[PDB]
Amino acid sequence: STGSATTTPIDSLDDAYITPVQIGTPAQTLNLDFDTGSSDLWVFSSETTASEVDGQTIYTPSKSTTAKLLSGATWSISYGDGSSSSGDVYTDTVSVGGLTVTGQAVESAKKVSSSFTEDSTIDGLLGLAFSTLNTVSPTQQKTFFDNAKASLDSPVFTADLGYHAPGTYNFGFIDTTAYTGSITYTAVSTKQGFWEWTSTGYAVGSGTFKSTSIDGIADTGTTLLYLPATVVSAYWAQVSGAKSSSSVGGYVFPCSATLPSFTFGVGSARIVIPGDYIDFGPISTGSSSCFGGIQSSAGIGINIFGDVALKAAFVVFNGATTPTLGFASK
Ligand SMILES: Cc1cccc(C)c1OCC(=O)N[C@@H](Cc1ccccc1)[C@@H](O)C[C@H](Cc1ccccc1)NC(=O)[C@H](C(C)C)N1CCCNC1=O
């Protein structure tokens, strides 16, 4: 089997991407944030505290003839930015772009934190990291990809995120028309439950490539590119007037600037992020100071190849017995 679904930026800055997902019988379509950095499929629901729902589409399990409460099961998650959600668990039928999983754990929110309430465009998350990170207690549950993997033509999914444009998540096959050149594969450590890999280095604009190992995670659920402070300082030094602002919480730059590209290494291959991908617009409405898309990972504890990096590539998440990650230019 295979599946294919279009993923769409939620706003003009590509702050996140949403993908339609069919849940239950008859289908209830919710737009979920596909997140290779977490392993819970959770949704706004008829059980979510009413004051915490503000425009989201909700899952109503009582209207699904295939929904079953998973007795005694609860979930609770806290994300890297301090956002959180929690609730109970149903099993139900879940389909993505024609690919169907029966018995998928659908985590129904009773509580969500304010950042989720304030984003009317995201109806929940679909986790695509490894199932060891799933938060359901007392019995951990499997991700959508884990449940589907054995049925897929190939045990893979691919992320093709667009810049200011729609893109595609494919399950079970590699669309050889979606990229240029070859796919370079690189080793993955699953010990932290992430798609964790080691970049071979970087370059800023037309500058010299610096060979240096950068351990980090491929995370479709993080907007920006978070890299070591030395790397990020070298990038923003090439942007006249850029500075790290402690009040804003990262590097800002004059909105009139033309940003240089940023290149990262995948083995001997190179992925080039165009400068425009690194512009996240005014820090506040009407300001001429703009927020940078490459930021220091010092406060995080891990480097994150988020959407800024991944949308410059066609990315293969290979879930074979020994998982690997593939990157191609496109
Ligand atoms: C679940 C789990 C188990 C074990 C260990 C950890 C760290 C676990 O947490 C996983 C985790 O936080 N993953 C995040 C990136 C992560 C992995 C490991 C450590 C730290 C972080 C990321 O993919 C998911 C989450 C999605 C989200 C959150 C709030 C609103 C909307 C979307 N995204 C975010 O937190 C990011 C942060 C990092 C800037 N974020 C917040 C919104 C706006 N945009 C955005 O980019």
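All positions are counted from 1 along the displayed chain.
We read in the header that X-ray crystallography, 1.5 Å was used to get this structure.
Every residue, even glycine, has its Cβ placed from backbone N, Cα and C.
Copied over from Swiss-Prot:
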type     : residues  : note
DOMAIN   : 17-328    : domain 'Peptidase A1'
ACT_SITE : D35       : active site
ACT_SITE : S199      : active site
DISULFID : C255-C290 : disulfide bond
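In the vicinity of ligand 1, defined as a Cβ distance under 6 Å, the following of the recorded positions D35, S199, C255, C290 are placed: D35. If you measure from the Cα atom of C255 (disulfide bond) to that of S199 (active site), you get 30 Å.
Here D35 (active site) is positioned 26 angstrom away from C290 (disulfide bond), judged by their C-alpha atoms. In the structure shown, across all protein chains, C290 is the one of the disulfide-bonded residues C255, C290 with the greatest number of other Cβ atoms within 10 Å. Sequence-distant contacts of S199 (active site), defined as residues of its own chain at least six apart whose C-beta falls under 8 angstroms from its C-beta, comprise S213, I214, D215, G216, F264, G265, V266, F305.
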